[PDB]
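Numbering (the authors' numbering), first residue to last: 1 to 71. Each residue gets a CB set at the ideal place from its N, CA and C atoms; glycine is no exception. Note sheet for the following structure.
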Ligand code: HEC
Ligand code: HEC
Ligand code: HEC
């Protein structure tokens with residue numbers, strides 16, 4: 001649905017694929033080739049302009065460790 005768990009060898013990341021909708025009604029923001037899986041995505045990405053990127057972008061959202069990686 002919206003709740004998506006991103007397996008990580010450094011602590012899984014709980015991503016709410018919902019609140020990120022009303023906050024970013026634009027799905028073309030992340031989904032470039034349309035809704036679906038994202039090819040290439042990864043660490044550098046998540047930390048880059050994948051997750052934090054946006055976060056640190058607006059200074060909103062978890063940008064510190066532990067806030068994403070929960071053991
Ligand atoms: C970035 C903040 C996103 C926005 C905006 C939207 N979605 Fe999304 N979606 C995102 C991720 C990170 C993922 C998983 C892939 C990954 O790289 O981790 C997804 C996945 C989907 C899927 C596939 C899951 C499934 O149902 O099988 C769909 C169908 C999907 N997303 C649809 C969708 C729609 C309709 C959105 C706007 C209403 C939308 N997404 C916004 C990240 C982001
Ligand atoms: C902008 C394009 C974003 C991208 C890309 C991602 N996130 Fe995000 N996130 C964003 C905002 C603006 C906020 C604050 C809430 C709001 O009003 O939109 C957040 C918040 C989170 C949170 C915590 C919010 C909560 O649950 O209360 C988490 C855990 C989070 N974001 C995770 C996350 C992940 C894992 C992403 C990559 C898959 C990701 N976000 C991308 C804006 C954006
Ligand atoms: C959410 C906004 C995150 C924050 C904050 C940080 N990281 Fe992260 N990291 C995130 C994701 C979504 C992923 C990949 C999970 C997936 O499968 O989608 C990662 C990955 C890592 C890794 C590599 C794990 C692996 O599987 O190889 C490392 C070593 C890592 N992250 C470290 C790390 C550090 C040091 C952080 C603070 C500076 C940090 N993460 C925050 C999402 C998020």
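Using the Cβ count rule (16 or more neighbours within 10 Å means buried), how would you classify residue i?
{"i": "residue 51", "result": "buried"}
{"i": "residue 27", "result": "exposed"}
Among the options, which has the Cα closest to the Cα of residue i?
{"i": "residue 43", "options": "21, 3 and 11", "result": "11"}
{"i": "residue 1", "options": "45, 18, 24 and 67", "result": "18"}
{"i": "residue 66", "options": "22, 47 and 32", "result": "47"}
Do residue i and residue j have their CB atoms nearer than 7 Å?
{"i": "residue 69", "j": "residue 61", "result": "no"}
Using the DSSP secondary-structure output, state which residues sit across from residue i in a beta bridge.
{"i": "residue 4", "result": "15"}
{"i": "residue 69", "result": "13"}
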